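A.B. asks: Residue numbers (PDB author numbering), protein chains in the order written: chain l, 70 to 137; chain q, 1 to 248; chain AQ, 54 to 105; chain AS, 2 to 51; chain AP, 1 to 262; chain AF, 334 to 356; chain 0, 20 to 199. By construction, the Cβ of each residue, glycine as well, lies at the ideal position given by its N, Cα and C atoms. Below are the structure tokens for one structure; questions will follow.
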Amino acid sequence: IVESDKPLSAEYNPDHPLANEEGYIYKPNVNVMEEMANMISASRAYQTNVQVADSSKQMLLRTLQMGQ
Amino acid sequence: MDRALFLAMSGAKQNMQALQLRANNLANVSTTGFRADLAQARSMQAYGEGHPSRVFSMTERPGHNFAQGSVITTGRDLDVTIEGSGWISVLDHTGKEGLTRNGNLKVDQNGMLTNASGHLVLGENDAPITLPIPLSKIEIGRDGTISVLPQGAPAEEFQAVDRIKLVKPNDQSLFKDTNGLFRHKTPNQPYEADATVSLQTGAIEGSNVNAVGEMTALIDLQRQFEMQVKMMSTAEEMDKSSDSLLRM
Amino acid sequence: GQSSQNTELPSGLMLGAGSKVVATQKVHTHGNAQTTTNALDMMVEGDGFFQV
Amino acid sequence: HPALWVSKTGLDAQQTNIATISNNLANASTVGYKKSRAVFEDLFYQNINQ
Amino acid sequence: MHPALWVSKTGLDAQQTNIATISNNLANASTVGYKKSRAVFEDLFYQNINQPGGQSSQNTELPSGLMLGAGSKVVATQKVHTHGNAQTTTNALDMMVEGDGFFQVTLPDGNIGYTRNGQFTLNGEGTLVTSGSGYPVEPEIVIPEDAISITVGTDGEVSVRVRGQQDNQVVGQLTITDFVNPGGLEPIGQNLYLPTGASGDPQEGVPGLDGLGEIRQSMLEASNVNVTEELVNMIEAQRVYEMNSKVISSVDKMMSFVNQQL
Amino acid sequence: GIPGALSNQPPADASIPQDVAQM
Amino acid sequence: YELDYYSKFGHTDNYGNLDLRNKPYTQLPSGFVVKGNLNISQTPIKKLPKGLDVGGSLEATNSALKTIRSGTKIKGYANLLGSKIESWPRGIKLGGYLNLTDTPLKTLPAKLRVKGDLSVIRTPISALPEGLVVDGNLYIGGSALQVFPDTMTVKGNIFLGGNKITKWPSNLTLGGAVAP
Numbered sequence: 070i071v072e073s074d075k076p077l078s079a080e081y082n083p084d085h086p087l088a089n090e091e092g093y094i095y096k097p098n099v100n101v102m103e104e105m106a107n108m109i110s111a112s113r114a115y116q117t118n119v120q121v122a123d124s125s126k127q128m129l130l131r132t133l134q135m136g137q
Numbered sequence: 001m002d003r004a005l006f007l008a009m010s011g012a013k014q015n016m017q018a019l020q021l022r023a024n025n026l027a028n029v030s031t032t033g034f035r036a037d038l039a040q041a042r043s044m045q046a047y048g049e050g051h052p053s054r055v056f057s058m059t060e061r062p063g064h065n066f067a068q069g070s071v072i073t074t075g076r077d078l079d080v081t082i083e084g085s086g087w088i089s090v091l092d093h094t095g096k097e098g099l100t101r102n103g104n105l106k107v108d109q110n111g112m113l114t115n116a117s118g119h120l121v122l123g124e125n126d127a128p129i130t131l132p133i134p135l136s137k138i139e140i141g142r143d144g145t146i147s148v149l150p151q152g153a154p155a156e157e158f159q160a161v162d163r164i165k166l167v168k169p170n171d172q173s174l175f176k177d178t179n180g181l182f183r184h185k186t187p188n189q190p191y192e193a194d195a196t197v198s199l200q201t202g203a204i205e206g207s208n209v210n211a212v213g214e215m216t217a218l219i220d221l222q223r224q225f226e227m228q229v230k231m232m233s234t235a236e237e238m239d240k241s242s243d244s245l246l247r248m
Numbered sequence: 054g055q056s057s058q059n060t061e062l063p064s065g066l067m068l069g070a071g072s073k074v075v076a077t078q079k080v081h082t083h084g085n086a087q088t089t090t091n092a093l094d095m096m097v098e099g100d101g102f103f104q105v
Numbered sequence: 002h003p004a005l006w007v008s009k010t011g012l013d014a015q016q017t018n019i020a021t022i023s024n025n026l027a028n029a030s031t032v033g034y035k036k037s038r039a040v041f042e043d044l045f046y047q048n049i050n051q
Numbered sequence: 001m002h003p004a005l006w007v008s009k010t011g012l013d014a015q016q017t018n019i020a021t022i023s024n025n026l027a028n029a030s031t032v033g034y035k036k037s038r039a040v041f042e043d044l045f046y047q048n049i050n051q052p053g054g055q056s057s058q059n060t061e062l063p064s065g066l067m068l069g070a071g072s073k074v075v076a077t078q079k080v081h082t083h084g085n086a087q088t089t090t091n092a093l094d095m096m097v098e099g100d101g102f103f104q105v106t107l108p109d110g111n112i113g114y115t116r117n118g119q120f121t122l123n124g125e126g127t128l129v130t131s132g133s134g135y136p137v138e139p140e141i142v143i144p145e146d147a148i149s150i151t152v153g154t155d156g157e158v159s160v161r162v163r164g165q166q167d168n169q170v171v172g173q174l175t176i177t178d179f180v181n182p183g184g185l186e187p188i189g190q191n192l193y194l195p196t197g198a199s200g201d202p203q204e205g206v207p208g209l210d211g212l213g214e215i216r217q218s219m220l221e222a223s224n225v226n227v228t229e230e231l232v233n234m235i236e237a238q239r240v241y242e243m244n245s246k247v248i249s250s251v252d253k254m255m256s257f258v259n260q261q262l
Numbered sequence: 334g335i336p337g338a339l340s341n342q343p344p345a346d347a348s349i350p351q352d353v354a355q356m
Numbered sequence: 020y021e022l023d024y025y026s027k028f029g030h031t032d033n034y035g036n037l038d039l040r041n042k043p044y045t046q047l048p049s050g051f052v053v054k055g056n057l058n059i060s061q062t063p064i065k066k067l068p069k070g071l072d073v074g075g076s077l078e079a080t081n082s083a084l085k086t087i088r089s090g091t092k093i094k095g096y097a098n099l100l101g102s103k104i105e106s107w108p109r110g111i112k113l114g115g116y117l118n119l120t121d122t123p124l125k126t127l128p129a130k131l132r133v134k135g136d137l138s139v140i141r142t143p144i145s146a147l148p149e150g151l152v153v154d155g156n157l158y159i160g161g162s163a164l165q166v167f168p169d170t171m172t173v174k175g176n177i178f179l180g181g182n183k184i185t186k187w188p189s190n191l192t193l194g195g196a197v198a199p
């Protein structure tokens, strides 16, 4: 697992306990749009590999029945 | 089934908890001497064998907004507000000393000086302040000194009887207890009576809840809550699809 | 209710139950004076109450 | 909202001033009456995000 | 949070501070010797998103060199120490400073606080004290009981008239303080200022020599607030406040569409 | 191996000399 | 290039951990202070500024780090596996281990104290300085060492790593053993 190299989104929360000398606090660089695409892409990619395995499972069965 | 259902469920549950924390601040906008509670999220990774891909998020209360509240001018002698930073020492019904910021004082039939919530206010002797029963004019000093006038006494009899115990400790060492009284995180720690804090007599300090700050937190908590719910839905959708493998 | 013990951490999270009106406090500030021509209406200057 | 009550102090402060002005005008014929002036002063200044 | 949400929120908090300091000025629109304050805004830091290297001059006009701001903030509530108009009163114990200078009073804690308010009076002992809380004026000036009038000269030389003898007897001399940077003084309420590091060391001298102002008796310094300026800036602050509310709802609607459509 | 890859073990840190010293 | 006041602000988290992984920075500001861990691995930095104070750990693996100025303070450890450093300065305040595996290190200051393990694996170092005290293990595998100092203190186990030791210390208090 490799973390994204995007800079952390700095927010001005000067009264926050964790604020730095300039009153900035940093928050994760997670972008909603790309994480939603990953949710869609991973799920659709997961389900199509089940289809291949299920189809490949049938082909092995028909080979067993070959000749009889 | 995939453990991502519970990973997203644990985030959705915590977003509700942070929502309730912000809800208490909005329910307490008009409360006297009320310090708004801060809410944030902490990332705690699930260390163990395997790829480091599962990290939980749980909400916490890192601190409180110790800014000065909105001062209300009431023109009442027994109403005081702390100027700048400070606290008032009071003991609750359990006789446990705790710091408060509610300066809406009152005098009972026995003469003991209490606040709006009934907590006895401490003084120089570190004992609850008791005033002579038949008073005629009560004036609270700017530094906390209490000067009273006996009933029928002439004007030149403004003798002081007590001094309000004002405490100004570090705001990061105080936690809000179960009854709204801030106490030291380290137990059995004495409260030193500071002589620098001042009272703006004739006014009441309101709450420091930033209504916009809570509203913008709400809308972000809603969206993050809804996105994790979609993660729960797509987790069971994948699980249902990956069930025809054993469907020979 | 474990006393203290990491109040700032998720284990020590505390949620309030809301707010309520605790008392309708009477403010006995002295009012102004209404000078009338009636001979039977009377006023107290300061602390004191009529008894009926 | 802090600005709500900062202005509310000004409303109350000016009300006290007007009450003294009316008292001075009411006793414009009183013998041996001394006029009075209301003294204004600002409240404490609070420190914000440092 | 979506970074666009917090960027707009800083604009809302900046205007809230602007509204707070603008209501305080109108509240003290009749205070004697009150100095108006204005909220000073400045933009926050810009961060490189498409180039974490930190070189903002390479391709700044290109997507790789894009920089996004973090919002706005109020950097200071600057006091405008302009001289105010003169109020001519009948009381002989209130004074005024013509030009630069600050009166000196002794606080209960021991140190002295500097004021432009000249509303003074006498206590039971007769010392010159403030008309409000009653803090004595430095240096101490005690008026004898036999005195019938108070005369404060243009250089602060206080003299009283006593019958049975001609010529006024001098009982003290006022002395005012000036600062290199009076805008750096800390307001503490009750028309008092405390010296700070940014203000500089106090410069004390007779009121009328070395560029100092002159003490005027039976005269008061009006507040320098401009009620029309506050109303105009109040109009702008509301509209800027509303505009930052519109974008926050705009971001909220977009994000609500994402999880409702996808 | 991939460079910059995260580890599945608590991150040896500062306080408690124990981590600052033991490799 | 150089690191400015605002350049470092983009590489700092809420706990002041400065991450410069593969960033094209060549130097840090003089008298630099970092609250947390500093990571300068795979960076073209050739020399650390004088007066550097690190509240965490130092990591400069596979980097161009060659020179360190005296007076540097490190609360944690100094991980320099694969750097270009040639000599270790005297007076470095180090609270952890010194990992110099795969480094061209040649000489070490006398009376050096390491509060943890010391790894000079695959280094051309010729002789450990006299008075060297190590509170952890000693790694000398693949190095040019063949003679030990007369007096040295290794609280842990000395690991030879293959090189033949012809001379042993006369005064050596070892809490462990010696492994080839």
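Using only CA atoms, which one of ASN41 (chain 0), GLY115 (chain 0) and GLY55 (chain 0) lies nearest to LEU84 (chain 0)?
C.D. replies: Indexing the seventh sequence from 1 puts residue 84 (chain 0) at position 65. Taking only the C-alpha atoms, the option nearest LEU84 (chain 0) is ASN41 (chain 0).
A.B. asks: Does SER72 (chain AP) come out as helix, strand or coil in the three-state DSSP assignment?
C.D. replies: In the fifth sequence, counting from the first residue as 1, residue 72 (chain AP) sits at position 72. Under the three-state reduction of DSSP output, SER72 (chain AP) falls in the strand class.
A.B. asks: Using DSSP bridges, identify the partner residues of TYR114 (chain AP).
C.D. replies: Residue mapping note: residue 114 (chain AP) aligns to position 114 of the fifth sequence, counting from 1. Partner(s): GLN104 (chain AP) and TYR193 (chain AP).
A.B. asks: So what does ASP79 (chain q) bridge to, in DSSP terms?
C.D. replies: Numbered from its first residue, the second sequence carries residue 79 (chain q) at position 79. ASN104 (chain q), per the DSSP bridge assignment.
A.B. asks: Report the CB separation of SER57 (chain AQ) from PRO187 (chain q) in whole angstroms; it is logged as a contact under 8 Å.
C.D. replies: In the third sequence, counting from the first residue as 1, residue 57 (chain AQ) sits at position 4. In the second sequence, counting from the first residue as 1, residue 187 (chain q) sits at position 187. That pair is a contact at about 7 Å.
A.B. asks: Which chain q residues sit within Cβ distance under 7 Å of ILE248 (chain AP)?
C.D. replies: Working through the fifth sequence from its first residue, we reach residue 248 (chain AP) at position 248. Ordered by position in chain q, the residues that pass the 7 Å Cβ test against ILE248 (chain AP) are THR216.
A.B. asks: What are the residues of the stretch 76-97 of chain l that lie near chain AS, defined by any Cβ-Cβ distance shorter than 7 Å?
C.D. replies: Those residues of the stretch 76-97 of chain l that come within reach of chain AS (Cβ to Cβ, closer than 7 Å) are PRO83, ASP84 and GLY92.
A.B. asks: Helix, strand or coil for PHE178 (chain 0)? Go by DSSP, reduced to three states.
C.D. replies: The residue labelled residue 178 (chain 0) in the question sits at position 159 within the seventh sequence. Residue state, collapsed to three classes: strand.
A.B. asks: Our contact map puts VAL197 (chain q) next to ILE82 (chain q) with C-beta atoms below 8 Å; I'd like the distance itself, whole angstroms only.
C.D. replies: Position 197 of the second sequence, counting from 1, holds the residue named residue 197 (chain q). Position 82 of the second sequence, counting from 1, holds the residue named residue 82 (chain q). The pair is a contact, with the Cβ atoms about 6 Å apart (cut-off 8 Å).
A.B. asks: Assess contact between the stretch 62-75 of chain AP and the stretch 215-222 of chain AP, defined as three or more Cβ pairs (one per stretch) separated by less than 8 Å. Is contact present?
C.D. replies: Between the stretch 62-75 of chain AP and the stretch 215-222 of chain AP, the count of Cβ pairs shorter than 8 Å is below three; the stretches do not touch.
A.B. asks: Quick check on the burial criterion: 16 or more other C-beta atoms within 10 angstroms. Buried or exposed for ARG101 (chain q)?
C.D. replies: Residue mapping note: residue 101 (chain q) aligns to position 101 of the second sequence, counting from 1. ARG101 (chain q) comes out buried.
A.B. asks: Apart from the five residues just before and just after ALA36 (chain q), which ones in its own chain have a Cβ nearer than 6 Å to its Cβ?
C.D. replies: As a position in the second sequence, residue 36 (chain q) is number 36, starting the count at 1. Excluding positions up to five away in sequence, the list reads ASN25, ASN65, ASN208 and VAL209.
A.B. asks: Is any beta-carbon of chain AS found at less than 9 Å from that of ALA127 (chain q)?
C.D. replies: In the second sequence, counting from the first residue as 1, residue 127 (chain q) sits at position 127. Answer no: the Cβ-Cβ gap between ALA127 (chain q) and chain AS never drops below 9 Å.
A.B. asks: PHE45 (chain AP) and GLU90 (chain l) - do their beta-carbons sit closer together than 9 Å?
C.D. replies: Residue numbering aside, residue 90 (chain l) sits at position 21 when the first sequence is read from its first letter. Residue numbering aside, residue 45 (chain AP) sits at position 45 when the fifth sequence is read from its first letter. Not in contact: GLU90 (chain l) and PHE45 (chain AP) (Cβ atoms no closer than 9 Å).
A.B. asks: Among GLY35 (chain 0), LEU164 (chain 0) and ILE140 (chain 0), which has the Cα closest to the Cα of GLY75 (chain 0)?
C.D. replies: By 1-based counting over the seventh sequence, the position of residue 75 (chain 0) is 56. Checking every option, the nearest Cα to that of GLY75 (chain 0) belongs to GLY35 (chain 0).
A.B. asks: Can you find a C-beta in chain q that's less than 9 Å from the C-beta of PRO136 (chain AP)?
C.D. replies: Against the fifth sequence, residue 136 (chain AP) aligns to sequence position 136. Not one chain q Cβ lies under 9 Å of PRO136 (chain AP).
A.B. asks: Tell me the rounded alpha-carbon separation between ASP346 (chain AF) and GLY115 (chain 0).
C.D. replies: On the sixth sequence, residue 346 (chain AF) is found 13 positions in, with the first residue counted as 1. On the seventh sequence, residue 115 (chain 0) is found 96 positions in, with the first residue counted as 1. So the alpha carbons of these two residues sit roughly 10 Å apart.
A.B. asks: Where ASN233 (chain AP) and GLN55 (chain AP) are concerned, what is the direct C-alpha to C-alpha distance, given to the nearest angstrom?
C.D. replies: By one-based count along the fifth sequence, residue 233 (chain AP) stands at place 233. By one-based count along the fifth sequence, residue 55 (chain AP) stands at place 55. Between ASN233 (chain AP) and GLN55 (chain AP), the C-alpha separation is close to 38 Å.
A.B. asks: Buried or exposed, going by whether 16 or more other CB atoms sit within 10 Å of the CB of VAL40 (chain AP)?
C.D. replies: In the fifth sequence, residue 40 (chain AP) corresponds to position 40, counting from 1. Its Cβ having fewer than 16 others within 10 Å, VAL40 (chain AP) is exposed.
A.B. asks: Spatial neighbours of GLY101 (chain 0) within its chain, please: C-beta separation below 6 Å, excluding the five flanking residues on both sides.
C.D. replies: Taking the first residue of the seventh sequence as 1, we reach residue 101 (chain 0) at position 82. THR80, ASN81 and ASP121.
A.B. asks: Are the C-beta atoms of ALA20 (chain AS) and some chain q residue less than 9 Å apart?
C.D. replies: Taking the fourth sequence and counting its residues from 1, the one referred to as residue 20 (chain AS) is at position 19. Cβ-Cβ to chain q under 9 Å: no for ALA20 (chain AS).
A.B. asks: With distances taken Cα to Cα, identify the nearest neighbour of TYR93 (chain l) among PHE51 (chain 0), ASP38 (chain 0) and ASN33 (chain 0).
C.D. replies: Taking the first residue of the first sequence as 1, we reach residue 93 (chain l) at position 24. Minimum Cα distance to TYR93 (chain l) is reached at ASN33 (chain 0).
A.B. asks: Suppose contacts are defined by Cβ-Cβ distances below 9 Å. Is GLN119 (chain AP) in contact with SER131 (chain AP) by that definition?
C.D. replies: Taking the first residue of the fifth sequence as 1, we reach residue 119 (chain AP) at position 119. Taking the first residue of the fifth sequence as 1, we reach residue 131 (chain AP) at position 131. Going by C-beta atoms, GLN119 (chain AP) is nearer than 9 Å to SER131 (chain AP).
A.B. asks: Using a Cβ-Cβ distance under 9 Å, would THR77 (chain AQ) count as near chain q?
C.D. replies: As a working mapping, residue 77 (chain AQ) is identified with position 24 in the third sequence. No, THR77 (chain AQ) does not count as interfacial toward chain q.
A.B. asks: Are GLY155 (chain 0) and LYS174 (chain 0) touching if we call contact CB-CB under 9 Å?
C.D. replies: Walking along the seventh sequence from the start, residue 155 (chain 0) turns up at place 136. Walking along the seventh sequence from the start, residue 174 (chain 0) turns up at place 155. Cβ atoms of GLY155 (chain 0) and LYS174 (chain 0): closer than 9 Å.
A.B. asks: Quick one: what's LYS137 (chain q) bridged to in DSSP?
C.D. replies: Taking the first residue of the second sequence as position 1, residue 137 (chain q) is located at position 137. Beta-bridge pairing links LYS137 (chain q) to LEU149 (chain q).
A.B. asks: Considering only their Cβ atoms, is the gap separating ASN226 (chain AP) from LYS36 (chain AP) smaller than 9 Å?
C.D. replies: Mapped onto the fifth sequence, residue 36 (chain AP) falls at position 36. Mapped onto the fifth sequence, residue 226 (chain AP) falls at position 226. It is a contact, given that the beta carbons lie within the stated cut-off.
A.B. asks: Alpha carbon to alpha carbon, what distance is there between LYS103 (chain 0) and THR62 (chain 0)?
C.D. replies: Here residue 62 (chain 0) is taken as the residue at index 43 of the seventh sequence, counted from 1. Here residue 103 (chain 0) is taken as the residue at index 84 of the seventh sequence, counted from 1. Distance between the alpha carbons of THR62 (chain 0) and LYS103 (chain 0): 11 Å.
A.B. asks: Go ahead and pull the three-state DSSP assignment for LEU5 (chain AP).
C.D. replies: Numbered from 1 along the fifth sequence, position 5 holds the residue referred to as residue 5 (chain AP). It is helical.
A.B. asks: Quick check on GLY113 (chain AP): buried or exposed, where buried means 16 or more other Cβ atoms within 10 Å of its Cβ?
C.D. replies: As a working note, residue 113 (chain AP) is residue 113 in the fifth sequence. Answer is buried; the Cβ neighbour count reaches 16.
A.B. asks: Helix, strand or coil for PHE45 (chain AP), going by three-state DSSP, please let me know.
C.D. replies: Position 45 of the fifth sequence, counted from the first residue, corresponds to residue 45 (chain AP). If DSSP states are grouped into helix, strand and coil, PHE45 (chain AP) belongs with coil.
A.B. asks: Say whether chain q places a C-beta atom closer than 9 Å to the C-beta of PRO343 (chain AF).
C.D. replies: Residue 343 (chain AF) sits at position 10 when you count from the first residue of the sixth sequence. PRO343 (chain AF) counts as touching chain q.
A.B. asks: Could you round the C-beta distance between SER8 (chain AS) and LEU194 (chain AP) to whole angstroms and report it? I think they count as a contact, below 8 Å.
C.D. replies: In the fourth sequence, counting from the first residue as 1, residue 8 (chain AS) sits at position 7. In the fifth sequence, counting from the first residue as 1, residue 194 (chain AP) sits at position 194. Incorrect: roughly 26 Å between the Cβ atoms, too far for contact.
A.B. asks: Three or more C-beta pairs under 8 Å: does that hold for the stretch 242-256 of chain AP against the stretch 214-224 of chain q?
C.D. replies: yes
A.B. asks: Looking at the strands, I want to know which residues DSSP matches up with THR151 (chain AP).
C.D. replies: Position 151 of the fifth sequence, counted from the first residue, corresponds to residue 151 (chain AP). Partner(s): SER159 (chain AP).
A.B. asks: Distance cutoff 9 Å, beta carbons only. Does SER340 (chain AF) sit that close to anything in chain q?
C.D. replies: Here residue 340 (chain AF) corresponds to residue number 7 of the sixth sequence, with the count starting at 1. Yes, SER340 (chain AF) counts as interfacial toward chain q.
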